[PDB]
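Remarks on the structure that follows.
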Amino acid sequence: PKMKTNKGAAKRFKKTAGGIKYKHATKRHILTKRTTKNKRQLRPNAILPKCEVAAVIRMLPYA
Amino acid sequence: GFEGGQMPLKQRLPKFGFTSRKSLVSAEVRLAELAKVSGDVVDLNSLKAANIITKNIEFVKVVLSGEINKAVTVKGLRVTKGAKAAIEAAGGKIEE
Amino acid sequence: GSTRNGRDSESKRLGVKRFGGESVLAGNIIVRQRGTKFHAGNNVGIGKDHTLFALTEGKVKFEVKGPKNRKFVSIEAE
Amino acid sequence: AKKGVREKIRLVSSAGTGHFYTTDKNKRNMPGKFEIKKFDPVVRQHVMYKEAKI
Amino acid sequence: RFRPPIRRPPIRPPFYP
RNA sequence: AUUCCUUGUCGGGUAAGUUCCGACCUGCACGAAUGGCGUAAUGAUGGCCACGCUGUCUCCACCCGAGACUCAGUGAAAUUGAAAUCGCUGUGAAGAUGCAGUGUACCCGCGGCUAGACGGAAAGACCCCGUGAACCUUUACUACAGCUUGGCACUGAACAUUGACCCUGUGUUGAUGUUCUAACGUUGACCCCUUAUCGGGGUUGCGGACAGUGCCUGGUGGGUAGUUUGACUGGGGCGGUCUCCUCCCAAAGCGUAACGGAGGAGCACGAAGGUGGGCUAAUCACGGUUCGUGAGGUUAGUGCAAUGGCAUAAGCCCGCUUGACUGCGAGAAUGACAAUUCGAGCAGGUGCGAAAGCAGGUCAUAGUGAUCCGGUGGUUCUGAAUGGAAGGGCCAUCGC
RNA sequence: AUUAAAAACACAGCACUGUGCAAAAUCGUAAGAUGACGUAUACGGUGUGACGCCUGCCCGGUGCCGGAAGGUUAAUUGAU
RNA sequence: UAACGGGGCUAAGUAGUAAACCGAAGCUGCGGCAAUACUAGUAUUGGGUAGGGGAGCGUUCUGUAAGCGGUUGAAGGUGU
RNA sequence: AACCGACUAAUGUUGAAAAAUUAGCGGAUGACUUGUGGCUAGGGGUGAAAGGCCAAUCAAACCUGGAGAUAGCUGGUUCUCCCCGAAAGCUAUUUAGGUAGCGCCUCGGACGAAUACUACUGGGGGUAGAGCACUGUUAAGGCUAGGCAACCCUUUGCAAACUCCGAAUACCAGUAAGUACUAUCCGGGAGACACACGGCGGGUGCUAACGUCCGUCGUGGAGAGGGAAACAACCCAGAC
RNA sequence: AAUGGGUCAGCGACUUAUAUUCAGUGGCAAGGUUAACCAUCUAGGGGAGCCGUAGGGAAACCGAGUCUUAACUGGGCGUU
RNA sequence: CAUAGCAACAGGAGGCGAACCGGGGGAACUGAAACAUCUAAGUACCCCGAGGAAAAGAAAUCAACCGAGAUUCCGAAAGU
């Protein structure tokens, strides 16, 4: 059949020219105790490390 | 995506964003593609006829990629400042 | 028939990260330490965790200085 | 086990920006509502902020 | 010490099924 | 038929009795219909004793038959990597026909025996493991049947009492009780279909808006069903442990295991944070109803473990404060990754300081929890005819 | 049935309990059945187990039975 | 026997000195093959499980093939 | 006695027999036994109750179908040559005999000395050793507060969690020669994540174990040849 | 002295479809390619579509830039 | 009275068949590396009813301010 996309992966990993882009973890709750520095630096989306990519690509066959 | 039962990467990382509906019926057009259009008027129908946009497209942005060598009147579509310049430089108009 | 022990923390990878003579860029962490085992000398800042880092480009120099004979990390202009 | 008793609070800008800092207090040591000058980023000014719940 | 083993099935040949 | 210690102790029986019988009572851990204690008779019932009896035995002997053995005919079987298939000592995946050394040994049957071939047989039933199975249990979880509760329907009428509401006593509804009959019930009687203890119809009696059933609903619910019931582990269980910090093990960079040796954390603090100014311990000696002087030199202190630090104190006191700032961030540290750490400098706005300056919490290293779902505020980015809105997003934050 | 014949099961007797007859109970979605062409001296369940002497204390728990005052509480209703 | 591998040894033991020799798939010699570099020759290289990579053999079937071989003997079988 | 049964023993156990025979044994007018025909059916029946029996089968019959259930387990996996060649680790895991990323292998591409070895130079050490200055611990004597003896003094030892000291090595960096297709980066493909012994440094254990857990190096694994009688893991040495 | 095989002969295990990706090879090339279907049917029609030709951003949207922020000395990703 | 009932007569039907079709009922293993939502799957299976096909079908449909014009089947949009 046609490969199905893992919609979990799709909703968390977006392909750009610069690689698979993702939202950092640990910015959902329990933030009072965290530093504004730490919270600030997590706010920008990031590109996945090389080791994380192969899987994601197998989960995102059309992306 | 299975990692031996450790919380996988596709779950330890948060979901983010949404899809606009407009995105699904929008299409960028390169300035070089405007060559393929037959006739002066570059509109949604003429783009569709040239197969430059699919028939479900509703909103088009022309972008500065390549060169325009003919005078075209772009009606109805959005153009980039750079593309506008290039259109106007090749004796085109940008209608509203 | 058991041990009250068992426990230990994760090793904190402390120590000299750039030794004497090493060329460092401004910002480069030189020493990671607990307290001032090494003090900050010229062109060296000290973080909240007493991390010594290069304020300027140059070469790391260790040096005993002062009446207490304390060790100092400096960046030498080179 | 958890021994933590300091209540979390939201300090809210005295400007109507609705910007809030969060923190915690010992409710015994500080019965009243906490007030403290803090930079509000929306109005880009240091203004009084006052305690509120959550 | 000697711990009495269970080396064989409780039903013995020729019936052992 | 219960007693662990235990062969309890005493008595009987025997030459000698862990059994038996009687009895004692410190009943580990009898006990009154899961009956207690008796009890004639009964039992292919359990225990023990005696007489008789004996090849049960001392300890076998002989004999009669059926096999075994031989001839003639028929003709299986499990098993089987291949075999030119010895002993011993040693070696060796650790119990050797097969290796080493050595000793012994002409080739081949037949009758016998079973020490070895870890002989044959059955992919160990023991034990463990598998995020296997089954069936069983229950105050494991989640359901369901059944049972049951109320609402509504099928389901109506009069009054009487009463509640609410309505107006000006009056209606409109709601209960509650009585009465009633016309729905409904009848597994009462009689008639007919009809030669029928079914059924239907008719008549009548007794009930009667009850019962009963449907839908909804609470309860009950091992009756039934689907399932879950962690891992490490010097087998497994039991116990202990599971994350984080400090030291040691750790072999003078980093890192480094054990159910190795030792301790701590799961916070605190609106000052115990920022900054300016100031200050400097412990403990003794000696004199005084804490005080003074000297010695001493941090042996003190550090909100809380340990370690590394700390006098320019990071320790101690005070004034003023909110930098326990918002956006960012050269450049590094450290991780499989998620994440974690340090950071000059820039912009904005700020506090302390005369000023250079210092300040993005705290001497530092523990004080913690991904994602999903959802909550609150903001933004007004999206939002399916359009305009809104809901709902998404983004930002802040809360809920393990 | 084919490694257990027994001290196990049953048993007469005993007791508790349910059951008023369209009985309880059971089989069945239901109709219909059994119960029973029986009717509390009957029928069902539970335990005990000829017979003799007897069968103590405890109703906190958990059942079951009864009581309803109050508290809590569903559908429903729909005030604000 | 069974604690030199045995025979056996008073050196065939132990320590030492001198000069020999034996001893491997090590090195060398001679012949050959291969991989990879270089410029056919050089140089290096060629133990190997899991595994990766490279190059082939043979089988059946289709085309080539109404061609080619075959009762003057095909396939198969069995020798050389 | 028949008949029904099945208490003991022996035989038999590739039987005469998938439960019997022989000698004995129990019931034998009863809750008896037997023939024929009926009925009850699988979470169902039936059970004087053994989880017994329901066609030599039963803690859920048998047949067919779903169905090639699923099987992180075991077995097995078929021609030839050439080149290279692991791992038995870390991290995580209802994970521990599985799996994932990383480490290690291979193939392609990029890149080219940035790499390895050595000399020299610059570093930080707190280990071995040693020492007793600290913290502990220890002996003798002195001196003496105190009530025999602190505290000090002299002498004398001990330390993984003591240090006034302090190597060799190792590591980091630089400079430089020579040797080497090294290092690095991006892709395709893996396998492995049970390790073993030996040396050295240790923990644990008895400085027991062919014990156990780490560090590091070697060999085995995946390695033939010679030696060590025989002997994976020792010695020598790498088989076109 | 762990497993399996008494022997022989025969048969007996990485497939097929579809999709994604990487590589080799060929065609064409800033283009490449058609699907169903039609068809006098391996031709030829058929341009729906897909991939490439632009990225950034959650998004609107902007666009060789964009996102972040009040704004970056900036910084992320991209440009070539 | 009538109706029920009863009889006569006429016309139908019944059973079988591999699949396809519409409808009534409807699992579980399995996957989720456990499992209950979920999956498997409205599948298997049982039943009923067809027909040469069946079903569906002629907008109280879409669309988006432009428009389209029943149903069915096939290619894309899109693993969006």
Side-chain angles (χ1 to χ4, degrees), chain A residues 1-5 16-18 25-26 28-32 36-37 40 44 47 49 51-52 57 61-62, chain B residues 2-7 9 11-18 20-24 28 30 32-33 51 54-56 61 63-66 80 82, chain C residues 1-3 5-13 15-23 25-29 32-37 45 47-51 53-55 60 62, chain D residues 1-4 6 8 10 17-20 22-23 25-26 30 34 36-39 41 44-46 54, chain E residues 5-7 9-11 13-16:
Chain A
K2 302 213 291 196
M3 284 197 62
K4 285 219 182 172
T5 297
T16 77
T26 75
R28 285 309 202 191
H29 71 166
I30 321 166
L31 302 140
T32 290
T36 308
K37 177 184 174 202
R40 139 157 48 63
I47 304 288
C51 61
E52 296 310 320
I57 296 306
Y62 293 96
Chain B
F2 184 74
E3 305 183 358
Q6 162 168 293
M7 189 59 58
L9 190 78
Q11 262 170 97
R12 75 176 105 115
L13 295 171
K15 283 158 53 191
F16 78 96
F18 74 95
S20 73
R21 299 259 290 123
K22 281 193 277 198
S23 57
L24 303 171
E28 145 198 340
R30 280 83 159 177
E33 291 183 292
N51 291 174
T54 56
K55 310 298 163 277
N56 68 350
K61 187 71 164 288
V63 65
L64 185 58
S65 321
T80 56
Chain C
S2 80
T3 287
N5 306 320
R7 296 169 303 288
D8 205 8
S9 61
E10 191 56 63
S11 221
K12 294 302 187 276
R13 283 72 168 162
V16 175
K17 309 299 182 171
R18 296 306 180 72
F19 294 86
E22 289 197 58
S23 301
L25 303 184
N28 283 5
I29 296 192
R32 303 221 87 161
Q33 55 174 350
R34 305 270 110 118
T36 52
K37 167 175 306 307
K48 43 188 270 40
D49 64 343
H50 304 116
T51 301
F53 58 97
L55 292 166
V60 172
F62 292 84
Chain D
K2 313 213 187 306
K3 54 156 65 170
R6 293 178 71 105
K8 268 184 300 308
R10 68 190 270 287
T17 43
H19 181 260
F20 66 97
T22 52
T23 181
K25 89 173 182 304
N26 193 0
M30 316 207 323
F34 185 43
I36 187 163
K37 293 269 292 190
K38 307 272 289 179
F39 182 75
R44 298 217 68 67
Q45 294 298 307
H46 277 83
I54 282 284
Chain E
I6 302 166
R7 289 301 320 289
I11 291 185
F15 294 93
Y16 92 93

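Hydrogens, waters and symmetry mates are skipped; everything else that's a heavy atom, side chains included, is used. Within every chain, numbering begins at 1; the chains are lettered A, B, ... in the order of the sequence lines, protein sequences first and strands thereafter.
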Return the polar atom pairs (N/O with N/O) between nucleotides 113-121 of chain I and the protein under 3.5 Å, or none.
none

Using a cutoff of under 3.5 Å, can you pull out all pairs of nitrogen or oxygen atoms linking the protein to nucleotides 8-17 of chain I, with atom names and distances?
none

Provide a list of protein-nucleic acid N or O atom pairs under 3.5 angstrom, restricted to nucleotides 362-367 of chain F.
from   : atom 1 : to      : atom 2 : distance (Å)
F/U362 : OP2    : C/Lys48 : NZ     : 3.0
F/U365 : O4'    : C/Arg34 : NE     : 3.4
F/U365 : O2'    : C/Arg34 : NH1    : 3.3

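The base-pairing partner of I/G131, taking Watson-Crick or G-U wobble contacts with both distances under 3.5 Å, is I/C162. Nucleotide F/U194: unpaired (no Watson-Crick or G-U wobble partner with both distances less than 3.5 Å). Nucleotide G/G18: paired with G/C43 (Watson-Crick or G-U wobble, both distances less than 3.5 Å). Across all strands shown, H/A50 forms no Watson-Crick or G-U wobble pair with both key distances under 3.5 Å.
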Would you mind building the protein contact string for nucleotides 54-63 of chain J? One character per nucleotide, 5' to 3', B for base within reach (heavy atoms under 4.0 Å), S for sugar-phosphate only, - for untouched. BSSSBSSSBB

Heavy atoms under 4.0 Å is the rule here; annotate nucleotides 100-110 of chain I 5' to 3' with B where the base is hit, S where only the sugar-phosphate is, and - elsewhere. SSS--------

Could you run through nucleotides 325-331 of chain F and give me one letter per nucleotide, 5' to 3': B if any protein heavy atom sits under 4.0 Å from the base, S if only the sugar-phosphate is that close, - if neither? BBSBBBB

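In terms of phosphate contacts, C/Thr3 brings a side-chain nitrogen or oxygen within less than 4.0 Å of OP1 or OP2 of F/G261. The shortest distance between the side-chain N/O atoms of C/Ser9 and the OP1/OP2 oxygens of F/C244 is not below 4.0 Å. Remark: B/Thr54 is not in phosphate contact with K/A77, judged by side-chain N or O atoms under 4.0 Å from OP1 or OP2. Phosphate contact (OP1/OP2 of F/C269, side-chain N/O of D/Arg6, threshold under 4.0 Å): present. Listed pair B/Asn51 / J/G47 fails the phosphate criterion, with no side-chain N or O lying under 4.0 Å from OP1 or OP2. Taking only side-chain nitrogens and oxygens, C/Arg13 comes nearer than 4.0 Å to OP1 or OP2 of F/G335. Proximity of C/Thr36 to the phosphate of F/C310: a side-chain N or O atom is located under 4.0 Å from OP1 or OP2. Taking side-chain N and O atoms only, D/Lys2 has no distance below 4.0 Å to OP1 or OP2 of F/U368. Contact check, A/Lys2 against K/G79: a side-chain N or O comes under 4.0 Å of OP1 or OP2.
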Passes side chain to side chain contact (heavy atoms under 4.5 Å, CB included), C/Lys17 versus C/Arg32? Steps please. CA-CA 7 Å; C/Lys17 309 299 182 171; C/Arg32 303 221 87 161; 3.9 Å; yes

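F/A344 sits 34 Å from I/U91 when the P atoms are compared, rounded to a whole Å. Of the P atoms belonging to I/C153 and F/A281, the separation is 25 Å, rounded to the nearest Å.
Closest to the side chain of B/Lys55, from the set F/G377, F/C269, J/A48, is J/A48.
The interatomic distance linking B/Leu24 (CG) with F/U382 (P) rounds to 14 Å, in whole Å.
The closest donor-acceptor contact from the side chain of A/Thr16 to the backbone of A/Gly18 lies under 3.5 Å.
In this structure, F/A16 forms no base pair with F/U181 under the Watson-Crick or G-U wobble definition at 3.5 Å. Remark: I/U34 does not pair with J/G63, failing the Watson-Crick or G-U wobble criterion at under 3.5 Å for both atom pairs.
Across all strands, C/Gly1 comes closer than 4.0 Å to base atoms (heavy-atom distances).
Counting atom types as modelled, C/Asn5 pairs no side-chain N or O with a base atom of F/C259 as donor and acceptor under 3.5 Å.
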